[PDB]
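Encoded as structure tokens, the following chain is the form deposited in one PDB entry, with no partner shown.
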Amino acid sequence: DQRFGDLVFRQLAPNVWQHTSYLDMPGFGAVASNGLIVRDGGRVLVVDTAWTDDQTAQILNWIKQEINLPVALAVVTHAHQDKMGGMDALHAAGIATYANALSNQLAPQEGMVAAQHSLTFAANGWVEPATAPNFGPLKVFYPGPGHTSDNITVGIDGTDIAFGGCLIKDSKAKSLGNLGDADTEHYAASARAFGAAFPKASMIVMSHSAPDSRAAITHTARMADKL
């Protein structure tokens, strides 16, 4: 709804905004990637960078203008350019960054800058609380390998919102996207584990489509069933 530089920002809930940045892909044009911004009391929480450091500095600029609270931390949901391409801008701003330990391990070979802190997960997928200090309403869940081996998801406590990142596609999508890094054998179970971990969430936020209903989860799982 709201333009700011080349970025776009839309409010989803009282204290929740989706940030959107675009990268030109050869032979297609502008590809959208979405993350989240969350106001928790007198601090801001960011889920995912933009594609670039410049775009990510613009997210911080927008936060300063529209919210005017410091950014306490950022969580990034896997080690790909659309989620972690802007890590340097976060670190330059003095923001504490968090990622799945596996994302941090993969980040060098994926061409990304690793986050400063590492999240680890229990066998049921939930983040170990000790690795995720003062995450406010952010509930962080590792659903298993799918889009990548490291992809994680975030629900926002007190809202109807759960963020699937690039794991989940919208209910009208045609493909699961590029399968180069994908765990085709476990994708279906991982999508359904995300759905089961946030069983009441009704607004499913994702990386490359506008928010959808839980049919996005069912349809994504249904596509993966065929792989």
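For the two forms, the rigid core is made up of the largest set of C-alpha atoms that agree within 1.5 Å on superposition. Each residue number is its position in the shown sequence, starting from 1.
Heads up, the form deposited in another entry isn't pictured, but that's what we're talking about next.
The one residue among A13, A215, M25, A210 whose Cα position changes by 2 Å or more between this form and the one not shown, with the core held fixed by superposition, is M25. Core-superposed comparison between this form and the one not shown: CA of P199 displaced by less than 2 Å. Core-superposed comparison between this form and the one not shown: the Cα of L179 travels 2 Å or more. Core-superposed comparison between this form and the one not shown: the C-alpha position of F135 differs by no less than 2 Å. A change of 3 Å or more separates the two forms for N134 and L69: their C-alpha atoms lie farther apart in that other deposited form. In that other deposited form, the separation between the C-alpha atoms of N134 and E66 grows by 3 Å or more relative to the displayed form.
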